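Working notes for the structure below.
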Amino acid sequence: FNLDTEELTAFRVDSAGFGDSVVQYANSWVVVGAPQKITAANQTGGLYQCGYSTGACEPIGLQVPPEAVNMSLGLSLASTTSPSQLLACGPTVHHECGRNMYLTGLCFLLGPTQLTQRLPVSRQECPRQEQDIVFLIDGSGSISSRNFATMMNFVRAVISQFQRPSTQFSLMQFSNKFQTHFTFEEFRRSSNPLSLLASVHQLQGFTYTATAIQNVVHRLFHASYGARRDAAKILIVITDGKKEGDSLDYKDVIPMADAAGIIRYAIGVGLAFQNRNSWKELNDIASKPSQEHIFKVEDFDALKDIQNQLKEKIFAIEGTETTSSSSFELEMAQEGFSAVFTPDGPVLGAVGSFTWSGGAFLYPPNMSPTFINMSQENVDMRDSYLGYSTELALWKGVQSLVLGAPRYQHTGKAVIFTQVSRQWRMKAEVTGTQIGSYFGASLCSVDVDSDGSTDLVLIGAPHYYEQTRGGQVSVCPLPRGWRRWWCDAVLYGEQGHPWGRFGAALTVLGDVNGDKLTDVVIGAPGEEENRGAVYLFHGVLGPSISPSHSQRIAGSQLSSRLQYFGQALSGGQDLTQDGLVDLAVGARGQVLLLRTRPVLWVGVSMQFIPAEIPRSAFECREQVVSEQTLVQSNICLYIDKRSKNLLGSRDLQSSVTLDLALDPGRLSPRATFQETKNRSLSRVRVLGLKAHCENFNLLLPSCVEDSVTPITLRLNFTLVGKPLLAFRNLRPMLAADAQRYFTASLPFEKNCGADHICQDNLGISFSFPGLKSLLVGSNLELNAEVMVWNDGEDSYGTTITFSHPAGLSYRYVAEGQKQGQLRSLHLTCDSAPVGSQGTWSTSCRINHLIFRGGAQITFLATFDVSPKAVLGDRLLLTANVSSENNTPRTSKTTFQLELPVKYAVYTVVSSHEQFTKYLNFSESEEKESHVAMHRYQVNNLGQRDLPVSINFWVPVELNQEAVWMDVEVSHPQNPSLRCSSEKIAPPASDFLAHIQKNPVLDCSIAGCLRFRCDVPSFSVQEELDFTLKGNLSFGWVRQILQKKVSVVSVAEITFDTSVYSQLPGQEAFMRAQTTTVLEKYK
Amino acid sequence: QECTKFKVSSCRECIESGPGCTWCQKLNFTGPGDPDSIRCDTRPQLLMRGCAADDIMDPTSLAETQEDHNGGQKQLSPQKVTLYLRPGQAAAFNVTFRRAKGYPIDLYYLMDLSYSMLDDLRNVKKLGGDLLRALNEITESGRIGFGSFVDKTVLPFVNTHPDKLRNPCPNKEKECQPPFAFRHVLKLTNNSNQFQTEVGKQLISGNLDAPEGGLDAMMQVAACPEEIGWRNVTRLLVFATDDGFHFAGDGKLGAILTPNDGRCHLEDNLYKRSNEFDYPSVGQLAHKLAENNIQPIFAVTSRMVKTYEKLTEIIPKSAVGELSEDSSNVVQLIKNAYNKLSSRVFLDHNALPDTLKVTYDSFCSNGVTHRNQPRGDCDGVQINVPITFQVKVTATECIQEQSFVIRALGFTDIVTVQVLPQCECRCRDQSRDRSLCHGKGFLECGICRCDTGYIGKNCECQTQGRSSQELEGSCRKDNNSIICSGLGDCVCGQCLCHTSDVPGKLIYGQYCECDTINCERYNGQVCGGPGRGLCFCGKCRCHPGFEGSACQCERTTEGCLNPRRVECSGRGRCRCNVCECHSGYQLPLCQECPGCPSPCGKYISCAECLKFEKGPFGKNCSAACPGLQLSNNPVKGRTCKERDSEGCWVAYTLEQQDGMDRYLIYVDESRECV
Ligand SMILES: *[C@@H]1O[C@H](CO)[C@@H](O[C@@H]2O[C@H](CO)[C@@H](O[C@@H]3O[C@H](CO[C@H]4O[C@H](CO)[C@@H](O)[C@H](O)[C@@H]4O)[C@@H](O)[C@H](O[C@H]4O[C@H](CO)[C@@H](O)[C@H](O)[C@@H]4O)[C@@H]3O)[C@H](O)[C@H]2NC(C)=O)[C@H](O)[C@H]1NC(C)=O
Ligand SMILES: *[C@@H]1O[C@H](CO)[C@@H](O[C@@H]2O[C@H](CO)[C@@H](O)[C@H](O)[C@H]2NC(C)=O)[C@H](O)[C@H]1NC(C)=O
Ligand SMILES: *[C@@H]1O[C@H](CO)[C@@H](O[C@@H]2O[C@H](CO)[C@@H](O)[C@H](O)[C@H]2NC(C)=O)[C@H](O)[C@H]1NC(C)=O
Ligand SMILES: *[C@@H]1O[C@H](CO)[C@@H](O)[C@H](O)[C@H]1NC(C)=O
Ligand SMILES: *[C@@H]1O[C@H](CO)[C@@H](O)[C@H](O)[C@H]1NC(C)=O
Ligand SMILES: *[C@@H]1O[C@H](CO)[C@@H](O)[C@H](O)[C@H]1NC(C)=O
Ligand SMILES: [Ca+2]
Ligand SMILES: [Ca+2]
Ligand SMILES: [Ca+2]
Ligand SMILES: [Ca+2]
Ligand SMILES: [Mg+2]
């Protein structure tokens, strides 16, 4: 609620797409992006650095390589603070690979160091296609010596049009025999391959078409001869006759060839082919379709007229199996489309990875970079732009990345990744809510508190709705314990204005109002009539945000004429060097900076020196005077919450206007101040972090009507002037919860008769109906049934105050429709901090009516208790009770009671599926060792570190007949812990019939073995897991005289029933089981 | 019935208290020293007190059905509803809708021209004489138009040089046309043969990225018929593509951050703006499209059938058509169009101001007895069988006279529903009895409202200096109560609650007992801030659509619903848009129980009883195996892999769904008896 909308800085540099993407640089500067700032030949854009000192933007020097074209840099930005560095990107680089160009991306790292240029600037060369063409030629005696040199001249010709090593050739000639003139190995090695072409001589002889074909693919197309393994296999043939004497047939050859995948062409000569007996050997020979892989001819000479045509059919080769689909890799991934840093090197995001799946390339410290896609075993995620947006997620442990996939199944999903030692797998994910919603656009890891461990994560979906298309941002905390994660710890902020594009961008802003609760900003350039807009929210406690925003600075703030503002924004850094953080929001044409005005708030204390009125100037009399009694009222003012503004100037001096007024609501002033003589007064006085107490003089007229109702005195107070030394504060202000209206009461000595002395006698007692054990997690509301007495004079403005630990406060009950032997009662309660360090009082005066005679009354007061309630292993609470006429005497009548407190914990255990259920028929003898393996995994989603002890139950002895021997428990991935061992004998019932019911072998039948594996401190989120194994004997199997028996092991986790418990009521997730089977017959 | 007293100064301030609030005008009804606020109770209480029946001013909500002549409008009546709406009280008016006949049709064929749509262009290039033939039965002289589309010109949606750009055609290069995105080939015309022959003309094209940019074409079509032309009756479109679809946000890839304006700007029946222009958002159609009475008919491959299926949920009037990759059964699409497109009767309204809340009812023809919900979704009504929607309009406060409309989505018939703020209760003026109220005040239905400076039930008292002994009688609720509950000084029997210049704060009541600040909080706001609800003497009167002690359970809606549209899946009541999943089922919609044993035992017996046929063991199956479904598809999630009845490791995933022990399996076509 403290975003300046008057005295701010504005940079309006008109450079096309300027102010389209912006980021906080090293605190002294702010960098803006102008992707469409045309430079040279359809090339880059350019960046601009701007300082606060002088309202002006200076161009930034850059060595734009001729390689990077139309990359329009600045589109994607990112900055770190560790050491200050910045990062810009051209996610539209164009490199011409001939037939078609693509998009690679190119970024730059600047700073107070070396101007690095990282992909890193291996100008991403085009893709190399591998082809292994094999010329096959008929050398039968039918061909003349003249038509030979002409054909081999056409061969060399079709060989030159190609370039190696991306292309390869191997020749064979086939008549009655088969000569391999040169192999694939003798082509890439021979500096002059065509030198071997004019070296071959004709064969004449017979003709065995099909025979050669097999002699070609089962030799020349071996990786042995040199034919590259991962290659495209092409085979061409040139013949002038059918196959006669051909001891083979196409019915055998064609199939196994297509297996390796070999496109087959054909070029004939004679026109005897255009008969219906010599036309089928072009179709059969070639691969389907037949009308594409053939180019018959009459003349060997004009065979080179189609030398011009064969150019194409071979180059157009891509892939023929799944009806010429369209696969990819990293040609149009526009890396750097979105980038974010992290302690272990920067991280740019690719989009067009493979099936446009997506991912992100990580760059370590001059170590070669890594990369994280989703694997291919992940069938889905086609066309989702995984990595459209990227953000960090630091934690007390290792880092965690997050990528936005706007179009997963065309709806939008967001996926979080972890980088475990030698793993780099997926943590979890969440689908979108609606189709086209675009769930994934924006993301921001933010910190509800300031513990440094990213608590939650925001998500964007500007194009979403159900009735109103305002937009949609989604709050999604970061649960630890993979395979479970919800973007629904409830909420999602919006607005009541369709077509607003709310969630287009957003950034952590941090602590601005100083209540230890980080606050975030969110853009929406579509609000109003295309006009811009921005929003401000606040955290609460842990994973949560406040739906109701405090501010909504939009494009109506004398932003004379900008169309859509808020496209992007980043804040959190102090750049104007006026103490507190700043915010930068980009807009079309210009970019603004909104500072945060210091918010201090103050505490107050009120009192009336003369506690009450002594009845002296009460009912009064009318011989002689008004001896107007003189009451003193002392008020004090002091400011305490400060942490951000720190000591020194401003955080101290600050004048204020005070406005005291007595019995305001009534047109019958019960008194007046002396200084001014009015029923109210004002005086401007200086405040400090040190209290300022001043008492004023009050004049009560001797005679007065109403005395029962105390006289009220409230103060209106603000912050006047706002001149403070330098103009380095300018404007301070107050917070949202500003109870600027504080009132204190002054009672009267009620006439309790012409005598009888007015004895104040009130007792009190309360309890907790049905309250069982009270653990922190369950039992959030705390129902207190307080009864109270009045064995003395009437108490009028009787008050009832409680003392309680910080971990709870009072909330109004407001129960009604018609129930009780109970509350009925309108009462006013005011919480407030009291004791030295921890406890504090919530007073509650029974507002507007009397408590008479020996009458008792009971009301209900409930205290919400926080899930993270810091309080001793016991919590006490008291109840002071007294009349409006204060406590005139000695021994207080307080009533207290102390309760045992426990704390919520979530503790679960599963039976990992690496479990040995191995039964099988080969059971000839009684052997020993096919050791079974019962792996148990455990983890706690609680919110506190707590010692535990994981118990086990493994069967062994069974009437002297061991079940499985030498059983121990391994504890990998974790220190060598200490585990206990103890044998025990079950009840000894008739086991014969027992397991006949159920083949199961629980510990109740066979002498089991308990393992007590203690644990020092089971830190939350710790998935501490371990397994147990032992050679499993087959001997005991006969002891019971059945088959298909199954032995079970039980594993139950435990912890001190006292102090800790489990939350939901009762979950047996702390008791897993693993049933192995020993079915072995014969 | 029900009536809690707000500040009651006149008969009108009694009406602004609630629906069940009545007022009595009968004079001499006030006792020796009784409150004037007593005149405002419930009708029953008034009669029990003595207040005559004809003295009970009771403005109730009702409806004015000014029906037209005929040919005013066709099957939406009434045509003009002039409601007189009292706040808090609902006015109900019915809506008869009996669709009559097929009006002039107007089709438009949005075909994606790709290399994958080759045999589509061949088996469709000219089959339109059977379209008018399929149009002949129901409708008469309709219209037929065509529009082509591919994807944005500039990359990364398709290589932008080089002269592959002049020749995108893969490998065949049969003189395909230049890469485009929207070419209006044919305008809406009567002829049919001229239409076919103008289509075959153009050949396909090609692009890079797999999904298409067909959405941009959508808007450009229904954007400016000042150049394309459109009939003033019906307008049906039909999407056709064996590819995906790009929406807003994807344009940022092509260095374009200029959103969609909504209007097309062509110069040669061909877009040249889509490049300097971003993609239409997903929701930018259900508005603009449904505004021009146009409705696409999804008809693509089975590979893209269930993706457009989720799209059917959002946008209104749209059907899904799975067809072969040859587009041969394309004309049967429209036999399935009118099938459930003439079926979706809609009944929404212009975005009303927040000061109003509208609902409807539904009485479909085949069986359905629906009640209380927006829209008018009755997918079981067609030609000549009327329907029934009960429109109930309620207000929160005394609105200002305004007017809105209730249209049927995809229909030009406008129903101008007038709305009148009915609150005031006429009775008399200050010509009758300038006497009582001792001249310094007027009279209104009995009581007298005094001037700024005169007060009392007969303007007899003045706002300075007064008080009596037992005038303090009805001035305190009971014998053991403080006068006027404090915060109020009693004058002439009754109390004048003091005033507080503090936001929200306000005292009121006979004995000044109630305030509008001391209620139950919520999110650090009184009764849920001014947005959600309000405060009145402790209890919160939450605005419409909000319930709870303090509007705590903020919404009466159910976001607890999934796409399945069953609350919280398996188990979990839907409280406050939150599910209470039984056992360890986790949020939000209660499907995954992470800690559960992921039980494959006891399932093997039934796995070989469904995929393989190795003997339903205990009995048969489909009885001991209510995991009824065994989709022939790669479902996944609970990747299980255990053994069979005799040796072999039978693999199979296990995708659970919704309630209790309901499942969906694909048992691998494989075994392992090693
Ligand atoms: C990141 O994401 C990718 C994709 O989502 C995961 O899966 C990769 O998917 C592609 C699918 O195309 C795999 O394909 C690779 O093709 C290369 C060349 O193209 C061949 O394949 C096409 C299709 O058959 C042919 O038509 C063409 O003629 C080629 O034969 C191969 O060279 C790749 O390498 C394979 O062989 C090489 C030989 O040098 C071996 O070194 C490799 O081990 C590998 O077997 C490959 O066949 C590709 O295999 C997939 N990548 C991986 C690592 O499996 C990736 O898994 C994922 N990346 C990581 C690191 O997780
Ligand atoms: C970059 O390319 C664009 C086109 O992609 C050029 O814009 C115009 O393009 C048309 C069509 O090719 C040409 O006929 C015009 O001559 C171009 N305009 C101008 C002013 O040259 C654009 O010129 C190119 N920019 C640069 C500087 O290379
Ligand atoms: C403290 O409170 C009073 C009342 O709010 C202020 O008096 C002004 O009174 C009028 C109504 O009569 C309000 O509309 C104004 O908002 C009040 N102040 C203004 C002008 O904003 C009084 O000024 C306050 N005391 C000071 C000076 O701090
Ligand atoms: C004196 O009293 C009047 C009425 O209460 C008030 O309006 C005025 O501000 C006061 N004047 C001073 C000087 O305090
Ligand atoms: C109630 O307890 C608080 C605790 O500090 C104390 O300040 C107050 O005086 C007590 N009230 C009385 C008068 O008993
Ligand atoms: C509307 O229709 C329903 C059901 O047919 C009927 O009960 C009700 O009386 C009708 N309402 C009006 C205002 O006629
Ligand atoms: Ca945090
Ligand atoms: Ca803060
Ligand atoms: Ca600053
Ligand atoms: Ca097709
Ligand atoms: Mg020959």
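In the structure tokens, chains take the letters A, B, ... in the order shown, each chain's residues start at 1, and ligands count up from 1 in the order shown.
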Enumerate as a PDB file with N, CA and C atoms, in the first residue's frame the residues belonging to chain A that approach chain B to within 6 Å, with only C-alpha atoms taken into account.
ATOM      1  N   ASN A 100      16.947 -24.442 -45.474  1.00  0.00           N
ATOM      2  CA  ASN A 100      16.134 -23.729 -44.497  1.00  0.00           C
ATOM      3  C   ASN A 100      16.943 -23.355 -43.262  1.00  0.00           C
ATOM      4  N   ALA A 316      15.805 -34.728 -50.955  1.00  0.00           N
ATOM      5  CA  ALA A 316      14.558 -34.580 -50.211  1.00  0.00           C
ATOM      6  C   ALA A 316      14.356 -35.704 -49.196  1.00  0.00           C
ATOM      7  N   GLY A 436      -6.275 -23.782 -22.988  1.00  0.00           N
ATOM      8  CA  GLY A 436      -5.935 -22.466 -23.496  1.00  0.00           C
ATOM      9  C   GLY A 436      -5.643 -21.471 -22.388  1.00  0.00           C
ATOM     10  N   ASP A 488      -2.486 -26.166  -5.215  1.00  0.00           N
ATOM     11  CA  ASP A 488      -3.631 -25.791  -4.408  1.00  0.00           C
ATOM     12  C   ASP A 488      -3.400 -25.972  -2.911  1.00  0.00           C
ATOM     13  N   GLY A 665     -19.518  11.295  20.703  1.00  0.00           N
ATOM     14  CA  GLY A 665     -20.771  10.902  20.080  1.00  0.00           C
ATOM     15  C   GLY A 665     -22.010  11.612  20.595  1.00  0.00           C
ATOM     16  N   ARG A 666     -21.890  12.273  21.741  1.00  0.00           N
ATOM     17  CA  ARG A 666     -23.032  12.935  22.361  1.00  0.00           C
ATOM     18  C   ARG A 666     -22.883  14.449  22.296  1.00  0.00           C
ATOM     19  N   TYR A 812     -14.213 -13.411  17.782  1.00  0.00           N
ATOM     20  CA  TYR A 812     -15.624 -13.360  18.147  1.00  0.00           C
ATOM     21  C   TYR A 812     -16.330 -14.642  17.720  1.00  0.00           C
ATOM     22  N   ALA A 814     -20.014 -15.170  17.729  1.00  0.00           N
ATOM     23  CA  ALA A 814     -21.180 -14.825  16.916  1.00  0.00           C
ATOM     24  C   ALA A 814     -22.068 -16.032  16.647  1.00  0.00           C
ATOM     25  N   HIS A 848     -22.177  -3.421  27.094  1.00  0.00           N
ATOM     26  CA  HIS A 848     -23.298  -2.514  27.321  1.00  0.00           C
ATOM     27  C   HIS A 848     -24.445  -3.045  28.181  1.00  0.00           C
ATOM     28  N   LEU A 849     -24.137  -3.498  29.392  1.00  0.00           N
ATOM     29  CA  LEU A 849     -25.172  -3.702  30.411  1.00  0.00           C
ATOM     30  C   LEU A 849     -24.615  -4.244  31.727  1.00  0.00           C
ATOM     31  N   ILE A 850     -25.493  -4.374  32.718  1.00  0.00           N
ATOM     32  CA  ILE A 850     -25.072  -4.523  34.109  1.00  0.00           C
ATOM     33  C   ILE A 850     -25.005  -5.961  34.606  1.00  0.00           C
TER      34      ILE A 850
END
Cut-off 7 Å, only C-alpha atoms and all ligand atoms, neighbours of ligand 7 as a PyMOL selection string: chain A and resi 446-456
Residues just named, written with N, CA and C atoms as an mmCIF file, in the first residue's frame:
data_model
loop_
_atom_site.group_PDB
_atom_site.id
_atom_site.type_symbol
_atom_site.label_atom_id
_atom_site.label_comp_id
_atom_site.auth_asym_id
_atom_site.auth_seq_id
_atom_site.Cartn_x
_atom_site.Cartn_y
_atom_site.Cartn_z
ATOM 1 N N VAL A 446 8.831 -17.179 -4.453
ATOM 2 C CA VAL A 446 8.827 -16.086 -3.490
ATOM 3 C C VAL A 446 8.906 -16.594 -2.046
ATOM 4 N N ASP A 447 9.174 -15.673 -1.124
ATOM 5 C CA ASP A 447 9.580 -16.012 0.232
ATOM 6 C C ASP A 447 8.668 -15.353 1.266
ATOM 7 N N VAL A 448 7.569 -16.021 1.614
ATOM 8 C CA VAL A 448 6.580 -15.454 2.533
ATOM 9 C C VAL A 448 7.236 -14.750 3.718
ATOM 10 N N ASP A 449 8.320 -15.329 4.221
ATOM 11 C CA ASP A 449 9.047 -14.752 5.347
ATOM 12 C C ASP A 449 10.400 -14.203 4.886
ATOM 13 N N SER A 450 11.467 -14.539 5.605
ATOM 14 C CA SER A 450 12.812 -14.114 5.231
ATOM 15 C C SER A 450 13.847 -15.138 5.688
ATOM 16 N N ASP A 451 13.438 -16.401 5.764
ATOM 17 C CA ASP A 451 14.322 -17.464 6.232
ATOM 18 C C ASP A 451 15.278 -17.919 5.133
ATOM 19 N N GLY A 452 15.127 -17.347 3.941
ATOM 20 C CA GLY A 452 16.052 -17.601 2.851
ATOM 21 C C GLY A 452 15.758 -18.858 2.053
ATOM 22 N N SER A 453 14.791 -19.648 2.510
ATOM 23 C CA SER A 453 14.465 -20.916 1.862
ATOM 24 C C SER A 453 13.136 -20.845 1.115
ATOM 25 N N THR A 454 13.198 -20.476 -0.163
ATOM 26 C CA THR A 454 12.013 -20.358 -1.014
ATOM 27 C C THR A 454 10.853 -21.207 -0.505
ATOM 28 N N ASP A 455 9.776 -20.546 -0.089
ATOM 29 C CA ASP A 455 8.637 -21.237 0.510
ATOM 30 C C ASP A 455 7.575 -21.646 -0.502
ATOM 31 N N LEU A 456 7.283 -20.774 -1.462
ATOM 32 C CA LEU A 456 6.218 -21.052 -2.422
ATOM 33 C C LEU A 456 6.519 -20.532 -3.830
#
Distance filter 6 Å around ligand 9, atoms: only C-alpha atoms and all ligand atoms, out as a PyMOL selection string: chain A and resi 574-582+595
Let's have the selection written as a PDB file, in the first residue's frame, with C-alpha atoms.
ATOM      1  CA  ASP A 574      17.573  -0.343  -3.845  1.00  0.00           C
ATOM      2  CA  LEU A 575      18.768   1.748  -6.782  1.00  0.00           C
ATOM      3  CA  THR A 576      17.731   5.314  -5.945  1.00  0.00           C
ATOM      4  CA  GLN A 577      19.717   4.766  -2.752  1.00  0.00           C
ATOM      5  CA  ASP A 578      16.915   6.191  -0.666  1.00  0.00           C
ATOM      6  CA  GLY A 579      16.964   3.423   1.911  1.00  0.00           C
ATOM      7  CA  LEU A 580      14.251   0.970   0.859  1.00  0.00           C
ATOM      8  CA  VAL A 581      13.717  -1.302  -2.164  1.00  0.00           C
ATOM      9  CA  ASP A 582      12.461  -0.094  -5.548  1.00  0.00           C
ATOM     10  CA  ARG A 595       9.777   3.669  -4.898  1.00  0.00           C
TER      11      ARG A 595
END
Polymer residues at most 7 Å from residue 20 (chain A), only C-alpha atoms, same-chain spacing of 5 or more positions, as a PDB file with N, CA, C and O atoms, in the first residue's frame:
ATOM      1  N   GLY A  33      15.030  -3.626 -22.272  1.00  0.00           N
ATOM      2  CA  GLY A  33      15.222  -4.376 -23.497  1.00  0.00           C
ATOM      3  C   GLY A  33      14.423  -3.808 -24.650  1.00  0.00           C
ATOM      4  O   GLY A  33      13.277  -3.389 -24.481  1.00  0.00           O
ATOM      5  N   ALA A  34      15.038  -3.794 -25.827  1.00  0.00           N
ATOM      6  CA  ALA A  34      14.373  -3.341 -27.041  1.00  0.00           C
ATOM      7  C   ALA A  34      14.701  -4.296 -28.179  1.00  0.00           C
ATOM      8  O   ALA A  34      15.527  -3.985 -29.037  1.00  0.00           O
ATOM      9  N   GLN A 567       3.747  -5.232 -18.858  1.00  0.00           N
ATOM     10  CA  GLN A 567       4.188  -6.385 -19.640  1.00  0.00           C
ATOM     11  C   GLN A 567       5.163  -7.217 -18.822  1.00  0.00           C
ATOM     12  O   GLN A 567       4.964  -8.416 -18.625  1.00  0.00           O
ATOM     13  N   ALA A 568       6.221  -6.566 -18.350  1.00  0.00           N
ATOM     14  CA  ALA A 568       7.204  -7.212 -17.491  1.00  0.00           C
ATOM     15  C   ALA A 568       7.572  -6.294 -16.333  1.00  0.00           C
ATOM     16  O   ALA A 568       7.257  -5.104 -16.350  1.00  0.00           O
ATOM     17  N   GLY A 586       8.152  -2.156 -16.793  1.00  0.00           N
ATOM     18  CA  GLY A 586       8.298  -1.761 -18.179  1.00  0.00           C
ATOM     19  C   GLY A 586       6.961  -1.515 -18.847  1.00  0.00           C
ATOM     20  O   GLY A 586       5.956  -2.132 -18.502  1.00  0.00           O
ATOM     21  N   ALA A 587       6.956  -0.600 -19.809  1.00  0.00           N
ATOM     22  CA  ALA A 587       5.758  -0.286 -20.576  1.00  0.00           C
ATOM     23  C   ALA A 587       6.154   0.071 -22.003  1.00  0.00           C
ATOM     24  O   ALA A 587       7.312   0.392 -22.272  1.00  0.00           O
ATOM     25  N   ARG A 588       5.198   0.013 -22.923  1.00  0.00           N
ATOM     26  CA  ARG A 588       5.490   0.318 -24.315  1.00  0.00           C
ATOM     27  C   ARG A 588       6.027   1.736 -24.452  1.00  0.00           C
ATOM     28  O   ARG A 588       5.307   2.707 -24.225  1.00  0.00           O
TER      29      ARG A 588
END
Exercise: residue 329 (chain B) partners within 10 Å, only C-alpha atoms, chain neighbours under 5 positions left out, as a ChimeraX atom specification: /B:123-124,321-324
Output N, CA, C and O atoms for every residue in the selection just made, as a compact mmCIF listing (two decimals), in the first residue's frame.
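What follows is the written file again19.txt:
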# COMPACT_ATOMS: atom_id res chain seq x y z
N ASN B 123 -10.18 -35.88 -51.88
CA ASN B 123 -11.47 -36.49 -51.60
C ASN B 123 -12.50 -35.46 -51.13
O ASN B 123 -13.55 -35.82 -50.60
N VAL B 124 -12.20 -34.18 -51.33
CA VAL B 124 -13.08 -33.11 -50.89
C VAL B 124 -13.07 -31.90 -51.83
O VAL B 124 -13.97 -31.06 -51.76
N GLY B 321 -16.19 -34.27 -33.77
CA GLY B 321 -16.35 -35.25 -34.83
C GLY B 321 -15.07 -35.97 -35.17
O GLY B 321 -14.19 -35.42 -35.83
N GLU B 322 -14.96 -37.22 -34.72
CA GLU B 322 -13.82 -38.06 -35.07
C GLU B 322 -14.05 -38.68 -36.44
O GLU B 322 -15.07 -39.32 -36.67
N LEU B 323 -13.10 -38.48 -37.34
CA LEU B 323 -13.22 -38.97 -38.70
C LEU B 323 -11.90 -39.54 -39.21
O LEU B 323 -10.86 -39.38 -38.57
N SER B 324 -11.95 -40.21 -40.36
CA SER B 324 -10.75 -40.78 -40.95
C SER B 324 -9.90 -39.69 -41.59
O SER B 324 -10.37 -38.59 -41.84
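Across the model, the gap from CA of residue 565 (chain B) to CA of residue 360 (chain B) is 19.8 Å.
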In region 418-612 of chain B, DSSP alpha helix (DSSP H) residues written as a ChimeraX atom specification: /B:529-532,604-607
Pick from B:56, B:381, B:47, B:144, whichever lies nearest to residue 345 (chain B) using only C-alpha atoms: B:381
Within 12 Å of ligand 10 (only C-alpha atoms and all ligand atoms), residues as a PyMOL selection string: (chain A and resi 323) or (chain B and resi 111-124+204+240-243+300-301+323-328)
7 Å shell around ligand 1 using only C-alpha atoms and all ligand atoms, listed as a list in words: residues 230, 231, 232, 319, 327, 354, 355, 357, 372, 373, 374, 375 and 376 of chain A
Write a file of the just-selected residues containing C-alpha atoms, as an mmCIF file, in the first residue's frame.
data_model
loop_
_atom_site.group_PDB
_atom_site.id
_atom_site.type_symbol
_atom_site.label_atom_id
_atom_site.label_comp_id
_atom_site.auth_asym_id
_atom_site.auth_seq_id
_atom_site.Cartn_x
_atom_site.Cartn_y
_atom_site.Cartn_z
ATOM 1 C CA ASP A 230 23.497 -44.518 -38.292
ATOM 2 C CA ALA A 231 22.941 -43.519 -41.912
ATOM 3 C CA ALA A 232 20.424 -43.202 -44.730
ATOM 4 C CA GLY A 319 12.516 -40.468 -43.207
ATOM 5 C CA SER A 327 11.072 -34.867 -35.933
ATOM 6 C CA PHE A 354 13.109 -32.509 -30.276
ATOM 7 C CA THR A 355 9.304 -32.594 -30.520
ATOM 8 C CA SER A 357 9.286 -30.728 -25.816
ATOM 9 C CA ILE A 372 17.614 -31.343 -18.723
ATOM 10 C CA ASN A 373 14.803 -32.498 -20.979
ATOM 11 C CA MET A 374 12.152 -34.989 -19.845
ATOM 12 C CA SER A 375 13.596 -38.077 -21.531
ATOM 13 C CA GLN A 376 11.858 -39.631 -24.528
#
Strand (DSSP E) residues, from DSSP on the backbone, in region 605-658 of chain A, as an MDAnalysis selection string: chainID A and resid 605:608 629:639 654:658
All residues 12 Å or closer to residue 5 (chain B), only C-alpha atoms, same chain fewer than 3 positions away omitted, as a PyMOL selection string: chain B and resi 2+8-11+13-23+36-42+508-510+512-515+536-537
